[PDB]
Amino acid sequence: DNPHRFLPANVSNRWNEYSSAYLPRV
Amino acid sequence: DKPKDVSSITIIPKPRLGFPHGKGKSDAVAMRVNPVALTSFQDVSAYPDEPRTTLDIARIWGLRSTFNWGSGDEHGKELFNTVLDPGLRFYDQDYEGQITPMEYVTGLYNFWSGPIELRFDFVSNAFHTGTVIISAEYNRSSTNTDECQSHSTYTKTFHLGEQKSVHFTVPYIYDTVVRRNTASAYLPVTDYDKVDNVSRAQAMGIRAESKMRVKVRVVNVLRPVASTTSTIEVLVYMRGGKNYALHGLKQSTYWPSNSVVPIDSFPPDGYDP
Amino acid sequence: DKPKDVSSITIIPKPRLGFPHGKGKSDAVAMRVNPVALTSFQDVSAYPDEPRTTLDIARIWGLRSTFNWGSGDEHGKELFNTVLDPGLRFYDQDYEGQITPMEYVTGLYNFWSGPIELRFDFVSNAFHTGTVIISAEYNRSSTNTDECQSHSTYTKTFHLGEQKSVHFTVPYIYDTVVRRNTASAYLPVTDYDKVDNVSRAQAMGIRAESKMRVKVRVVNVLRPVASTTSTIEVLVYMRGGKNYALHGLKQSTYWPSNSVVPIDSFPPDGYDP
Amino acid sequence: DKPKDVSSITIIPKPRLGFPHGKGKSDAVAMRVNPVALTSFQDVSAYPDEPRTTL
Amino acid sequence: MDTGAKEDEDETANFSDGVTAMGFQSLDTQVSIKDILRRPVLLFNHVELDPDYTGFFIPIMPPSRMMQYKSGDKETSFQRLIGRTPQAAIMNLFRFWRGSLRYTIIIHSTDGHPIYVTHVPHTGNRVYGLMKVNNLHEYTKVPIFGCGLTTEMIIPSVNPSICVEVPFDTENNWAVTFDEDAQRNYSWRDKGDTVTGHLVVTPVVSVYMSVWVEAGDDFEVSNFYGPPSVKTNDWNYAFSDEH
Amino acid sequence: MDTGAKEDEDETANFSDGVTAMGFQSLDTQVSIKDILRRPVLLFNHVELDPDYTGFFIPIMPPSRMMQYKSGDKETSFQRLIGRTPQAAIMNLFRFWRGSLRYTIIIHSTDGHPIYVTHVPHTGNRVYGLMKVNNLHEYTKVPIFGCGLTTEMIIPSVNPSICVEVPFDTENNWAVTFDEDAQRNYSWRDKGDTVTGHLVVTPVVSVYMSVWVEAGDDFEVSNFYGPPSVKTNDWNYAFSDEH
Amino acid sequence: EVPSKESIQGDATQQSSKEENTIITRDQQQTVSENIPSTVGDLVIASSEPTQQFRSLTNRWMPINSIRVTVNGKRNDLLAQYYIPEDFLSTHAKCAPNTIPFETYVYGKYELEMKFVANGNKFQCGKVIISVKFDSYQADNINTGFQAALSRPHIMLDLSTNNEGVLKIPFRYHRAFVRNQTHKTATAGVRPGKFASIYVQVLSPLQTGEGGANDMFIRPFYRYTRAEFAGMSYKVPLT
Ligand SMILES: [Ca+2]
Ligand SMILES: [Ca+2]
Ligand SMILES: [Ca+2]
Ligand SMILES: [Ca+2]
């Protein structure tokens with residue numbers, strides 16, 4: 001399906017956004 | 001009574017009112033109960049510290065480049081050398097990254113003018129010492145090995161020590177009151193088409209490449225104490241001078257390169273998992 | 001003489017004047033002998049006590065619900081518990097009945113705001129006695145068995161006795177200045193179409209269900225004398241507060257459900273028996 | 001209120017305004033942000049010794 | 001209208017009345033009943049005009065339950081959502097109205113043929129759609145727009161639309177908005193008191209038209225009836241914000 | 001916005017600030033952000049309107065990265081250069097906007113059929129293109145323009161174009177300009193906060209239309225975000241003045 | 001602003017900040033972002049009832065997690081990031097009295113101040129930048145580089161001079177209030193507790209001398225300068 005729909009669990013929080021703990025996003 | 005009305009006037013019909021303009025009049029019809037009611041900005045309004053013009057945005061300092069300066073760089077050596085054209089960072093290769101606010105906004109216009117400001121921040125400590133000379137060179141340029149040619153222009157020599165930053169206003173000296181942007185006014189290419197000369201011969205314009213350069217050369221070799229780093233990074237910030245000007249709205253030369261996804265219909269397009 | 005007239009003006013043609021508006025100008029042509037004569041309201045006119053705005057109508061008390069309170073209801077028991085959303089009475093089932101004036105009128109708008117007023121009329125006599133506590137709960141709700149969670153909000157405790165009625169103003173406390181209606185702005189379904197998720201995914205909007213609740217709990221168990229009824233009915237009236245507001249005209253969420261017959265031609269359509 | 005507007009006028013339609021003329025009025029639409037802004041001749045302008053008429 | 005405040009005798013303390021939000025987002029207030037009734041309601045969406053008839057009749061009456069569509073009943077030429085428009089909802093609360101109504105008529109055409117709109121004052125009947133007055137078989141020699149009644153003309157090549165305001169030409173003080181049963185056969189003079197006349201549209205050749213109606217500027221409603229029994233099944237046709 | 005002047009502590013001598021060139025060539029200054037946002041942006045170039053649908057939906061939101069075309073992604077009905085217009089570039093710097101937007105709609109036709117443009121206030125969804133609301137198979141009897149919502153009409157034979165201003169009819173203080181991922185499935189009430197409603201265009205017969213958008217006069221932007229990561233390959237598509 | 005000659009306790013010319021029952025001193029100068037406005041006028045409409053402040057609890061300085069900067073950090077790297085108020089309630093300094101009111105009120109308007117204290121030595125060097133992004137939910141991953149940080153309200157820290165920095169954060173949100181807590185009974189349609197993001201990024205890598213330390217530390221402290229609560233409810237544990 002659409003890969004944009006959901007963020008992988010290891011980089012996101014329960015709200016489907018990058019976790020503030022996940023520093024590597026940049 | 002039913003008197004005849006002889007008043008008349010000749011008219012020229014047009015489909016829209018003020019279509020091309022950003023100001024003036026509009027014949028827009030309000031989708032409201034009251035044709036003249038408007039949105040209220042009495043309580044919720046733009047904060048006073050938000051930029052109001054593109055020139056305001058161009059006045060925000062942006063990190064343009066960085067370069068290293070080490071105790072091994074001999075006198076006269078160019079530590080930094082660049083064509084200072086707010087229109088394009090490169091004339092021979094693609095650009096991708098965090099463009100400065102002034103370049104971003106300049107990319108929306110076909111003309112720019114006025115002095116440009118630079119700020120060199122030496123990421124050092126009180127134990128680093130040395131001297132560099134910043135120069136603005138116009139029309140004709142200097143050889144990488146001829147420091148004297150750079151010294152013959154508009155220069156500012158900075159004595160690095162306790163103070164780790166220096167400001168430099170780049171004079172605007174050209175044969176025209178404004179300069180035309182080197183980027184294009186319209187580029188219909190969207191799928192990275194492999195280019196040929198026919199494509200170029202049929203472009204929207206001809207790139208008037210700038211020869212104006214800003215260089216930073218070693219005056220006194222950096223001599224830090226042995227206990228600290230022998231090479232330091234120098235941050236080069238840039239922004240428009242207080243009299244920087246922009247004109248001629250055109251297609252933006254820069255476009256988002258990160259996380260670009262076009263909208264789809266929500267929730268019709270499969271949002272219901 | 002026959003001098004030329006050089007006056008002119010450019011014009012933008014439009015088919016109608018003020019078509020979307022409820023006020024402003026109209027280019028209507030009167031089917032009268034005199035183009036400017038109007039209907040007279042000198043003698044026959046709207047009575048001053050008739051409502052003039054939908055807010056006037058929303059200020060009319062309407063019976064919303066009813067519930068029973070008996071001597072068998074233990075302390076803390078929820079006698080009444082409802083989501084207080086003037087947009088929809090139920091989020092999971094059809095509604096049919098006599099909707100209150102404020103809900104009827106709110107059903108014509110996409111947004112509402114301001115405090116809501118409630119009035120609890122205990123259909124009892126001087127021999128009924130007890131105490132209940134009314135609470136307005138926001139964002140997060142209380143467990144049916146945890147009276148303390150209800151007691152931690154905006155409450156009014158009523159001592160039932162000689163006085164058999166109590167008024168309660170429900171505060172408006174939300175994260176937005178107005179709230180959007182949970183009903184739809186447009187529903188083209190007219191023949192009770194059996195719905196599926198594709199139909200829902202293609203609806204006019206997404207229902208922003210409210211979590212705000214009003215509850216009534218037993219404080220002191222009802223203790224009527226043996227000679228009178230041990231259970232009484234409590235009428236719950238509702239209306240908009242004095243600062244109730246409505247905005248965004250839309251398709252009415254409610255429609256007549258009783259004695260609905262569309263007109264036919266009289267007397268052509270067989271009225272001649 | 002939504003009162004009717006009874007004002008009207010008869011008009012004669014023409015495609016252009018001042019097409020044949022060298023002076024008078026023009027219905028030209030400016031390709032500018034501001035419909036009434038014009039070119040500046042404050043600093044750069046015709047030199048006084050240039051001919052102004054064919055005479 | 002009786003607010004019922006007379007029955008609220010409690011005088012104990014209450015929470016604040018707060019501050020109104022009216023005008024916070026914009027100054028476009030939409031709570032005035034007359035303002036609401038002055039915005040157009042679609043009655044007929046692309047219906048046919050046939051020159052073999054006297055014309056297409058439009059009874060002069062505001063939108064209300066009298067034009068409500070009910071699933072299962074016979075198909076009429078009336079658009080099906082009239083009964084759920086805000087103005088029909090308002091009219092279902094007032095049984096009296098006095099003043100003029102405005103009709104916006106659009107002829108789907110660009111021809112140079114004139115289409116006439118004729119006003120008929122209150123005559124006692126209440127009809128809509130194509131009709132052959134007195135059941136004749138030819139009307140071009142005896143056109144209703146040429147009999148003496150007030151008439152206006154539309155010339156599509158100039159403007160396919162027009163907005164006409166019809167007067168309150170009736171013997172009564174007020175027009176009656178609605179009946180409990182629009183098809184009941186009761187005392188004939190009373191039966192016709194729900195309209196103030198008709199508007200008749202007559203073409204030269206077969207063509208289609210659309211019709212909208214709204215209250216005029218000289219217009220009042222009264223005889224507030226309170227709300228009727230209603231229904232709604234909106235909930236079932238949309239997702240909530242929690243999937 | 002923070003200029004960074006606070007970090008420029010050097011106070012040694014500098015070269016002159018010169019004299020501004022603004023106004024030297026003409027008085028048509030084009031640096032005002034609102035002036036820029038008030039000139040039209042093409043959204044849809046000659047797209048189809050089909051009467052089998054409720055209409056063609058236009059989500060009320062200004063141009064930005066939300067409509068940017070990326071080489072290789074699925075084809076949408078949006079014009080491909082929206083993301084490089086000056087106004088989209090400006091909007092990509094401000095995440096808040098409040099006020100009205102103006103839409104210029106052109107129906108490619110000269111027919112006398114009315115085309116309606118209906119305004120839908122903020123309802124929570126965000127869609128564009130042809131859609132059958134509630135998935136029905138006929139909409140002429142239940143037209144969206146005849147349900148009570150504010151509607152305006154275009155009659156091509158008179159003027160195939162129109163300019164309508166849509167209000168800021170939403171519950172929020174500000175509309176959210178963009179998201180990092182326009183297709184991410186996150187909390188549904190937040191998902192719909194990037195629009196303030198929709199504009200729906202409904203025809204009588206199949207026909208094409210073009211749509212432009214611009215900021216209204218009562219309009220403000222805020223919540224400056226700073227510049228995003230960008231790219232450019234302009235250099236490769238033109239000759240320099242030295243062959 | 002001006003140093004003095006050395007005495008028994010060195011160069012005793014420190015400055016300090018006292019807020020409620022907390023004090024923070026600084027050895028050198030401090031950089032402060034502009035004091036900017038929050039939306040005003042919606043408070044009295046979004047809440048029919050009076051809103052509250054508890055300054056003695058919320059307006060005091062509270063240290064949060066320690067930040068380590070190493071010679072391996074590259075420009076643009078995120079050293080730390082905070083979604084506020086959320087992260088100050090359920091992830092950092094969780095037992096802080098500053099969090100008390102959030103246990104009982106469901107809504108709020110918040111204006112904060114964040115102080116950053118660094119301690120790099122005289123033979124090290126480097127630059128760090130801290131910035132705020134208003135109403136960042138679902139927009140954290142764009143306009144998130146050092147360039148966007150230099151454009152938004154920010155403060156810059158030099159790792160060898162140890163100047164302090166104070167970031168002043170107004171309340172700029174697209175709604176009148178921000179929700180304070182998620183709850184099993186609360187709606188999932190609206191993500192609560194986040195009206196802004198704070199990013200701590202590397203501007204220029206930390207460098208050290210021969211045999212010098214390969215890292216140094218920074219400590220953030222926050223305090224509300226104006227925390228207004230609305231909508232009282234029963235108390236709940238934070239997130
Ligand atoms: Ca009181
Ligand atoms: Ca009070
Ligand atoms: Ca100077
Ligand atoms: Ca000078």
Side-chain angles (χ1 to χ4, degrees), chain B residues 15 22-23 28-32 38-39 44 46-47 50-51 53-55 60-61 91 94-96 98-99 101 104 108 113 115 119 165-167 169 171 177-178 183-184 190-191 195 200 203 206-209 242-243 245 249 251-261 263-266 271, chain F residues 1 3-4 8 10 14-15 17-18 20-22 24 30-32 35 38-39 65-66 68 70-71 76 80 83-84 86 89 99-100 102 119 126-127 150 161 163-168 173 180-183 185 191 218 220 222 224 227-241:
Chain B
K23 58 212 299 181
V29 175
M31 299 295 271
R32 301 186 167 95
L38 301 172
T39 300
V44 184
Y47 306 106
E50 307 273 23
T53 70
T54 49
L55 294 183
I60 298 173
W61 283 110
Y91 294 143
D94 287 12
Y95 173 87
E96 179 159 0
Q98 301 180 62
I99 205 66
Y104 180 96
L108 310 179
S113 65
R119 198 222 299 157
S165 178
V166 66
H167 181 286
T169 295
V177 296
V178 302
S184 74
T190 59
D191 299 309
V195 70
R200 295 191 173 83
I206 289 182
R207 182 169 60 259
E209 299 183 357
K242 81 175 187 191
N243 290 311
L249 289 164
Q251 181 188 62
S252 177
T253 115
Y254 292 102
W255 31 280
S257 64
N258 172 61
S259 193
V260 177
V261 194
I263 60 170
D264 56 355
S265 295
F266 165 70
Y271 275 92
Chain F
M1 167 183 95
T3 249
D8 187 32
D10 175 46
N14 285 292
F15 293 117
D17 287 330
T20 189
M22 289 293 291
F24 182 95
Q30 326 182 320
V31 300
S32 166
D35 286 15
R38 278 165 193 154
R39 33 213 296 299
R65 54 190 303 140
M66 293 294 265
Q68 191 177 323
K70 187 175 64 299
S71 185
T76 73
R80 294 187 186 186
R84 291 187 71 172
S100 70
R102 287 166 174 170
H119 168 246
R126 168 255 273 170
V127 315
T150 301
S161 69
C163 184
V164 303
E165 183 174 292
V166 294
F168 189 68
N173 287 5
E180 67 197 30
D181 196 313
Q183 285 172 39
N185 198 336
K191 228 287 200 279
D218 53 317
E220 310 274 0
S222 71
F224 184 64
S229 284
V230 295
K231 181 183 177 182
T232 191
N233 49 36
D234 282 36
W235 72 278
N236 194 43
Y237 298 96
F239 289 133
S240 82
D241 63 333

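These numbers come from the heavy atoms of this one structure, side chains and all, not from hydrogens, waters or symmetry mates. Chain identifiers are assigned alphabetically (A, B, ...) following the order of the sequence lines, protein sequences preceding nucleic acid strands; residue numbering begins at 1 within each chain.
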Do [X] and [Y] come within less than 4.5 Å of each other through their side chains, counting heavy atoms only?
X: F/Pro167; Y: B/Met31; result: yes
X: B/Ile60; Y: F/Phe224; result: yes
X: B/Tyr271; Y: F/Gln183; result: yes
X: B/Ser165; Y: B/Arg119; result: yes

Tightest non-hydrogen contact, residues F/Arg102 and F/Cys163, listed as CB-SG, 4.2 Å

If you count heavy-atom pairs under 4.5 Å between each of [options] and chain B, which one has the most?
options: F/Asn173, F/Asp35, F/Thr150, F/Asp218; answer: F/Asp218
options: F/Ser161, F/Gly83, F/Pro228; answer: F/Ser161
options: F/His119, F/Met22, F/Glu165; answer: F/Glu165
options: F/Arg38, F/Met1, F/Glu180; answer: F/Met1
options: F/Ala89, F/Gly18, F/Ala21; answer: F/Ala89
options: F/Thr76, F/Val166, F/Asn185; answer: F/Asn185

Does the ring centre of B/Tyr104 sit less than 6.0 Å away from the ring centre of B/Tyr254? no

Among B/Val44, B/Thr169, B/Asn258, which residue forms the greatest number of heavy-atom pairs with chain F at distances under 4.5 Å?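 Option with the top pair count is B/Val44.
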
Could you have a look at B/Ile206, B/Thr253, B/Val195, B/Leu108 and say which one has the most heavy-atom pairs with chain F under 4.5 angstrom? B/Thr253

Please name all residues satisfying side chain to side chain donor-acceptor pair (under 3.5 Å) with B/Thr190, sequence neighbours left out, ordered by chain then number.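 Side chain to side chain donor-acceptor pair (under 3.5 Å) check on B/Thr190 returns F/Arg80.
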
Partner set under side chain to side chain donor-acceptor pair (under 3.5 Å) for F/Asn236, not counting sequence neighbours: B/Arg200

Heavy-atom cut-off 4.5 Å, strictly under: side chain, backbone, both or neither for F/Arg126 against chain B?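 Both parts, heavy atoms under 4.5 Å.
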
Per-residue contact mode, F/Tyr237 against chain B (heavy atom under 4.5 angstrom):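 For F/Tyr237, heavy atoms of backbone and side chain both lie under 4.5 Å from chain B.
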
For [X], is it the side chain, the backbone, both or neither that has a heavy atom under 4.5 Å from a heavy atom of chain F?
X: B/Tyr91; answer: backbone
X: B/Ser184; answer: both
X: B/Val178; answer: side chain
X: B/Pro256; answer: both
X: B/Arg32; answer: both

Measure the spacing between CD of F/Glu220 and CZ of F/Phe168 and express it to the nearest 0.5 Å. 11.0 Å

Return yes if some donor-acceptor pair links the side-chain N/O of F/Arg84 with the main-chain N/O of B/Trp255 below 3.5 Å, else return no. no

